[PDB]
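Residues per chain, in single letters:
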Amino acid sequence: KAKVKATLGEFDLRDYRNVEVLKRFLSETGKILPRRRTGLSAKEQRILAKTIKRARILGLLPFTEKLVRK
Amino acid sequence: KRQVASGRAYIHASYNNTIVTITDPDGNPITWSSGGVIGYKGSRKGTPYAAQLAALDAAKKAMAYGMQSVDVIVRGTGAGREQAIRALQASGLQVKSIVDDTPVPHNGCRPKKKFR
Amino acid sequence: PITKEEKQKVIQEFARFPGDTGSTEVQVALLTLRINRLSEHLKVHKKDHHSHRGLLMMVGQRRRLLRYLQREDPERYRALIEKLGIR
Amino acid sequence: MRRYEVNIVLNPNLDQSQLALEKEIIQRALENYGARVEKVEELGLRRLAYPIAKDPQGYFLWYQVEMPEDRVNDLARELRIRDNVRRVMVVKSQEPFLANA
RNA sequence: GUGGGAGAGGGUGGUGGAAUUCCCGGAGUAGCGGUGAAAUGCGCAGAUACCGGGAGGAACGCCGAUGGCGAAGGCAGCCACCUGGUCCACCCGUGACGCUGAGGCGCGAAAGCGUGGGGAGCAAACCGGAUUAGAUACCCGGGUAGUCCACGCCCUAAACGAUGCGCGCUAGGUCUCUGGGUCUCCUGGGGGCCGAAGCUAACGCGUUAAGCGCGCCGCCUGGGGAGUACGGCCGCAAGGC
Ligand SMILES: [Mg+2]
Ligand SMILES: [Mg+2]
Ligand SMILES: [Mg+2]
Ligand SMILES: [Mg+2]
Ligand SMILES: [Mg+2]
Ligand SMILES: [Mg+2]
Ligand SMILES: [Mg+2]
Ligand SMILES: [Mg+2]
Ligand SMILES: [Mg+2]
Ligand SMILES: [Mg+2]
Ligand SMILES: [Mg+2]
Ligand SMILES: [Mg+2]
Ligand SMILES: [Mg+2]
Ligand SMILES: [Mg+2]
Ligand SMILES: [Mg+2]
Ligand SMILES: [Mg+2]
Ligand SMILES: [Mg+2]
Ligand SMILES: [Mg+2]
Ligand SMILES: [Mg+2]
Ligand SMILES: [Mg+2]
Ligand SMILES: [Mg+2]
Ligand SMILES: [Mg+2]
Ligand SMILES: [Mg+2]
Ligand SMILES: [Mg+2]
Ligand SMILES: [Mg+2]
Ligand SMILES: [Mg+2]
Ligand SMILES: [Mg+2]
Ligand SMILES: [Mg+2]
Ligand SMILES: [Mg+2]
Ligand SMILES: [Mg+2]
Ligand SMILES: [Mg+2]
Ligand SMILES: [Mg+2]
Ligand SMILES: [Mg+2]
Ligand SMILES: [Mg+2]
Ligand SMILES: [Mg+2]
Ligand SMILES: [Mg+2]
């Protein structure tokens, strides 16, 4: 399976307003994806998590979602 | 006396009981059933067969209301949490989609001693 | 907090000669600056205990440096103490 | 004076009089607290991920400013007191940490 | 000193969503809950389930790790402000200014105390239902203090790495966090795992020493009696030394 960073450009991990790329790092639900599927380093993941929470509080990223086909 | 022709179906399954509430596309309920609505009384209500019978009874009451297309919402976990959906699929109601909306907190409340 | 403007102001004020950075005089001056900053931070925020431990350590270091200065040259020690208003 | 980024999400349904009024009130708040406005980006209508104040959409504003530090919280409060302003997040500016460089 | 860096380090104020409970409303019948079975309990004054709205308290899912920070206790949503510690590079400044530390002083999980707030959920005591030869327990239903906050006390612990602090010396390999570098790698500084020499009663330790040395502090001298008695000190008390 493909990791998120493998298929992506040279993007800003500190931009909480870019929903297009931050949506890639969320799961089918609103959960943040683990490093196994994001292909990020520890520092990169640590920054991404905080930017994702920032975007969430601004109503740009979903706090949680609903699972399908279950 | 409603002629709803379409709606939602919520399956609340626990380890002590499984209940099915068939509702309309904007949230209000139409009919419902459970393991106690049907004959079973005690722990018998938590078996998958009771969940199947409850789903089928609720689906037939929906037929009495005139239900054809059904969207499924699932909350909880227990024996027959899947058997309810299986019977609901083979009940004669065209299943639109299945959704698991089990409410999980963000670590808000302190559980009972059983749950720690 | 303490930006480079204030820091360099104090350093150029307490230098033994142009270019000096780590003289005992300059060390005690910068120490006393951070001491006063923290002690004013601890006038409010009486429940900040870890910063209070940091203040204890800063006091200890400043006192050690002043003891050394007093042991080596008493006159420069008096000058420093009078210039900073300590002890 | 440090560099900050003010995000403002307010009611989308406003017309031009109301929107210009709220925007000029934000401007007056920035003036009164010593906020030098370096740049501005107005996104406007956007689809929220979750409903905010019973509304599925919101109107967005982003201001990069330079203002004194001890006034940031009071400025945030004064910005929040307005009814139509539903979200205020003041963020200290930072450098663009990149990935997959 | 300069210039960079990582962080649930601390304090203050703000702020977000999920969930529980409760209240208002809509729609909707006959049970829900709970257990190994059950019963107390709740439900026709309309519950449970579903939908919308409101209130309030407490805690922060995914990220999260075998991770990080702190002297220890301990510290996880987000934002801002105040502030501590620490690491690296530059080789710039002072010129032994160092190490330890009886006493003292400060900090010190939880529970507990006092005054005043707060109170969703949980829950000693307690009230019931079961189980049993009996049930004063485990299991179920309730439920107060408390848990939360402000301020002042309390000074205990498996307060654990059961390993005091500092420095130097003594094979490496592997995983990792964070810096620098001419960036298959090297070089620092933290977190683990194997294992040289050596150590150990053995288990095991092994550049994060329990190895080889040095300095300083604390403590030990058979078990029970007993962390008891007396005395002193501290404490509102419980009680602690
Ligand atoms: Mg049952
Ligand atoms: Mg507002
Ligand atoms: Mg912190
Ligand atoms: Mg903090
Ligand atoms: Mg009602
Ligand atoms: Mg009744
Ligand atoms: Mg009754
Ligand atoms: Mg009654
Ligand atoms: Mg209340
Ligand atoms: Mg986890
Ligand atoms: Mg700092
Ligand atoms: Mg030199
Ligand atoms: Mg010289
Ligand atoms: Mg010492
Ligand atoms: Mg001592
Ligand atoms: Mg204590
Ligand atoms: Mg306590
Ligand atoms: Mg109390
Ligand atoms: Mg309870
Ligand atoms: Mg109980
Ligand atoms: Mg009995
Ligand atoms: Mg020793
Ligand atoms: Mg590198
Ligand atoms: Mg450490
Ligand atoms: Mg190492
Ligand atoms: Mg050997
Ligand atoms: Mg070993
Ligand atoms: Mg050693
Ligand atoms: Mg030994
Ligand atoms: Mg003793
Ligand atoms: Mg004896
Ligand atoms: Mg005792
Ligand atoms: Mg005696
Ligand atoms: Mg006594
Ligand atoms: Mg007395
Ligand atoms: Mg005792």
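Residues numbered from 1 in each chain as written, not as in the entry; some residues may be left out. Chains lettered and ligands numbered in written order. Part of a larger assembly, values for the part shown. Heavy atoms only, no water.

This deposited entry lists X-ray crystallography as its structure determination method and 3.5000 Å as its resolution.

Chain B has the name 30S ribosomal protein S11 in the PDB entry, where Thermus thermophilus is given as its organism. The title attached to this entry in the PDB is "Crystal Structure of 30S ribosomal subunit from Thermus thermophilus". Regarding chain B, the relevant UniProt record gives this comment under Function: "Located on the upper part of the platform of the 30S subunit, where it bridges several disparate RNA helices of the 16S rRNA. Forms part of the Shine-Dalgarno cleft in the 70S ribosome, where it interacts both with the Shine-Dalgarno helix and mRNA." Per UniProt, chain B has the following entry under Sequence similarities: "Belongs to the universal ribosomal protein uS11 family." (UniProt positions renumbered as here; feature names shortened; annotations may be inferred.)

Labelled according to the PDB entry, chain A appears under the name 30S ribosomal protein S18, originating from Thermus thermophilus. For chain A, the Function comment in UniProt is given as "Located on the back of the platform of the 30S subunit where it stabilizes the close packing of several RNA helices of the 16S rRNA. Forms part of the Shine-Dalgarno cleft in the 70S ribosome, where it probably interacts with the Shine-Dalgarno helix." Its UniProt record gives chain A the following Sequence similarities comment, quoted word for word: "Belongs to the bacterial ribosomal protein bS18 family."

(A) Spotlight on the sheet that holds strand β4 (residues 69-76) of chain B. Spatially, 6 strands are ordered β2(A)-β5(B)-β4(B)-β1(B)-β2(B)-β3(B) in an open sheet, and the strand pairing comes out mixed. At either margin of the open sheet sits one strand with a lone partner, and together these are β2 (67-68) of chain A together with β3 (29-34) of chain B. Across 5 bridges, strand β2 (residues 18-23) of chain B lies against β3 of chain B in antiparallel orientation. Within the sheet, the bridge partner assigned to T21 of chain B lies in β3 of chain B and is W32 of chain B. Of the strands in this sheet, β2 and β3 of chain B are in contact with helix α1 (residues 48-65) of chain B, which crosses β3 of chain B at around 155°. (Pairing = 2+ DSSP bridges. Helix = DSSP H or I, 4+ residues; strand = E, 2+ residues; numbered from the N terminus. Contact = heavy atoms within 4.5 Å. Axes fitted to C-alpha atoms, helices over the stretch in contact; angles between N-to-C directions.)

(B) Summary view of empty space enclosed by the protein. Residue and element names in this part refer to chain D. Under the counting rule described, the total for this entry stands at 1 cavity of 30 Å³ or more. Taken as a whole, the largest cavity spans an internal volume of roughly 30 Å³. Residue assignment for the lining of the largest cavity shows that the elements contributing at least two residues are α1 (16-32) and β3 (55-67). The dominant element in the lining of the largest cavity, judged by the number of residues it contributes, is α1, at 3 residues. Within the lining of the largest cavity, the residues separate by chemical class into 4 nonpolar, no polar and 3 charged. (1 Å grid on protein atoms, 1.4 Å probe; cavity = no way out; pocket = protein on both sides within 12 Å on 5 of 7 lines; lining within 4 Å. Points joined across faces, edges and corners; volume = space filled by probe spheres on them. Nonpolar A, V, L, I, M, F, W, Y, C, P; charged D, E, K, R; others polar.)

(C) Molecular detail of the protein's contact with RNA strand E. Around RNA strand E, a shell composed of 93 residues is seen, among which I32 and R56 of chain A, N16 and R75 of chain B together with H41 of chain C lie nearest. When the atoms of RNA strand E within 4 Å of the protein are sorted by group, sugar and phosphate make up 76%. Within the side chain of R34 of chain C, one N or O atom sits 2.9 Å away from a phosphate oxygen of RNA strand E. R77 of chain D has a polar side-chain atom sitting 3.4 Å from a sugar or linking oxygen of RNA strand E. Its residues placed into classes, the surface near RNA strand E shows 33 nonpolar, 28 polar and 32 charged. (Near = heavy atom within 4 Å. Polar contact = N/O pair within 3.5 Å; in protein donor to acceptor, adjacent residues only side chain to side chain.)

(D) View of the nonpolar core. Counting 27 residues, the largest nonpolar core has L22, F25, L48, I52 and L61 of chain A as the members making the most contacts within it. Elements represented by at least two residues in this core include exactly α1 (19-22) and α3 (42-57) of chain A together with β2 (36-52), β3 and β4 (85-92) of chain D. Counting residues per element, this core draws most heavily on α3 of chain A, at 4 residues. Residue contacts for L22 of chain A: discarding those within four places in its chain leaves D15, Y16, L48, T51, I52, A55 and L61 of chain A. (Core = buried A, V, L, I, M, F, W, Y, C linked by side-chain atoms within 4.5 Å. Buried < 20%, exposed > 50% of the residue type's maximum accessible area, 1.4 Å probe, protein only.)

(E) Spatial organisation of the layout of surface pockets. In this structure, the largest pocket spans a volume of roughly 330 Å³. What lines the largest pocket is a set of 18 residues, among which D12 and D15 of chain A together with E5, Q94 and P96 of chain D lie closest to the centre. Tallied by class, residues from the lining of the largest pocket come to 4 nonpolar, 3 polar and 11 charged. Of the pockets and cavities examined, the second largest pocket occupies roughly 270 Å³. Around the second largest pocket sit 13 residues that line it, and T29, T64 and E65 of chain A together with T102 and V104 of chain B are the ones nearest its centre. Residue classes in the lining of the second largest pocket are distributed as 3 nonpolar, 4 polar and 6 charged.

(F) Structural context of the side chain of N7 of chain D. Turning to its location among the elements, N7 of chain D is positioned in strand β1 (residues 2-10). A distance of 3.0 Å separates a polar atom in the side chain of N7 of chain D from a polar atom in the side chain of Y16 of chain A. Not counting chain neighbours up to four residues away, the residues in contact with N7 of chain D comprise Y16, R17 and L58 of chain A together with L61, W62, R87, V88 and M89 of chain D.

(G) Expanded view of the arrangement of the chains. Counting contacts across all 3 pairs of chains that touch, the top pair turns out to be chains A and D. No part of chain B reaches chain C; the closest C-alpha pair between them is 27 Å apart. For the non-touching pair chain B and chain D, the nearest C-alpha separation works out to 15 Å.

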